[PDB]
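Source file protein37.cif; content: mmCIF, C-alpha atoms.
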```
data_query
loop_
_atom_site.group_PDB
_atom_site.id
_atom_site.type_symbol
_atom_site.label_atom_id
_atom_site.label_comp_id
_atom_site.auth_asym_id
_atom_site.auth_seq_id
_atom_site.Cartn_x
_atom_site.Cartn_y
_atom_site.Cartn_z
ATOM 1 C CA UNK A 12 19.160 68.428 -87.634
ATOM 2 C CA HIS A 13 18.119 66.291 -84.649
ATOM 3 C CA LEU A 14 20.075 63.352 -83.229
ATOM 4 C CA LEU A 15 23.357 64.657 -84.713
ATOM 5 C CA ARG A 16 23.289 67.567 -82.245
ATOM 6 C CA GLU A 17 22.874 65.117 -79.364
ATOM 7 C CA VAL A 18 25.716 63.054 -80.794
ATOM 8 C CA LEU A 19 28.051 66.023 -81.215
ATOM 9 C CA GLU A 20 27.003 67.144 -77.739
ATOM 10 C CA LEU A 21 27.575 63.627 -76.393
ATOM 11 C CA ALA A 22 31.217 63.884 -77.450
ATOM 12 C CA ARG A 23 31.176 67.490 -76.205
ATOM 13 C CA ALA A 24 31.588 68.395 -72.519
ATOM 14 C CA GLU A 25 32.190 64.702 -71.712
ATOM 15 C CA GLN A 26 35.469 64.503 -73.659
ATOM 16 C CA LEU A 27 36.620 67.515 -71.602
ATOM 17 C CA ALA A 28 34.885 66.825 -68.286
ATOM 18 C CA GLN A 29 36.654 63.455 -68.413
ATOM 19 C CA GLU A 30 39.868 64.822 -69.957
ATOM 20 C CA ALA A 31 39.981 67.691 -67.465
ATOM 21 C CA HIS A 32 39.772 65.158 -64.641
ATOM 22 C CA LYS A 33 42.767 63.441 -66.316
ATOM 23 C CA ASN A 34 44.597 66.539 -67.582
ATOM 24 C CA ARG A 35 44.393 68.030 -64.076
ATOM 25 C CA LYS A 36 46.386 64.960 -62.984
ATOM 26 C CA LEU A 37 49.005 65.001 -65.756
ATOM 27 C CA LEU A 38 49.319 68.711 -64.892
ATOM 28 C CA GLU A 39 51.136 67.695 -61.689
ATOM 29 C CA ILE A 40 53.741 65.920 -63.820
ATOM 30 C CA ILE A 41 53.618 68.458 -66.667
#
```
Would you give me this structure, written as C-alpha coordinates?
Amino acid sequence: XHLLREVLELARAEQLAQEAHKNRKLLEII
(Lines of atoms letter the chains of each structure in order from A and count residues from 1; the text may use other names and numbers.)
(Lines give C-alpha, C1' and ligand atoms only; values in the text may rest on other atoms or scores of the structure.)
Protein backbone atom coordinates (compact mmCIF):
# COMPACT_ATOMS: atom_id res chain seq x y z
CA UNK A 1 0.00 0.00 0.00
CA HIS A 2 0.94 3.68 -0.30
CA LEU A 3 2.48 5.82 2.46
CA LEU A 4 3.84 2.73 4.26
CA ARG A 5 6.33 2.19 1.41
CA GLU A 6 7.52 5.79 1.77
CA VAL A 7 7.78 5.26 5.52
CA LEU A 8 9.73 2.01 5.22
CA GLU A 9 11.86 3.71 2.57
CA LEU A 10 12.30 6.75 4.83
CA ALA A 11 13.94 4.50 7.42
CA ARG A 12 15.74 2.74 4.55
CA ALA A 13 18.90 4.14 2.93
CA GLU A 14 18.93 6.97 5.51
CA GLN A 15 19.57 4.66 8.48
CA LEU A 16 22.57 3.33 6.51
CA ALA A 17 23.67 6.47 4.68
CA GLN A 18 23.86 8.05 8.13
CA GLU A 19 25.15 4.91 9.87
CA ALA A 20 27.76 4.35 7.17
CA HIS A 21 29.02 7.88 7.73
CA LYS A 22 29.29 6.91 11.43
CA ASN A 23 30.34 3.26 11.01
CA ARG A 24 33.13 4.39 8.66
CA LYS A 25 34.41 6.41 11.64
CA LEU A 26 34.10 3.69 14.30
CA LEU A 27 35.87 1.49 11.73
CA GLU A 28 39.10 3.40 12.49
CA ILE A 29 38.78 2.34 16.13
CA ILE A 30 37.29 -1.08 15.35
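Between atom CA of residue 14 of chain A and atom CA of residue 34 of chain A there is a distance of 29.3 Å.
Taking atom CA of residue 16 of chain A and atom CA of residue 31 of chain A as endpoints, the distance between them is 22.3 Å.
Atom pair atom CA of residue 19 of chain A / atom CA of residue 35 of chain A has a distance of 23.8 Å (rounded to one decimal).
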Box for segment 14-32 of chain A: with edges along x, y and z, all listed atoms inside and 3 Å added on each side, what are the centre and edge lengths in Å to one decimal, as JSON?
```
{"center_x": 30.0, "center_y": 65.7, "center_z": -74.7, "size_x": 25.9, "size_y": 11.3, "size_z": 26.1}
```
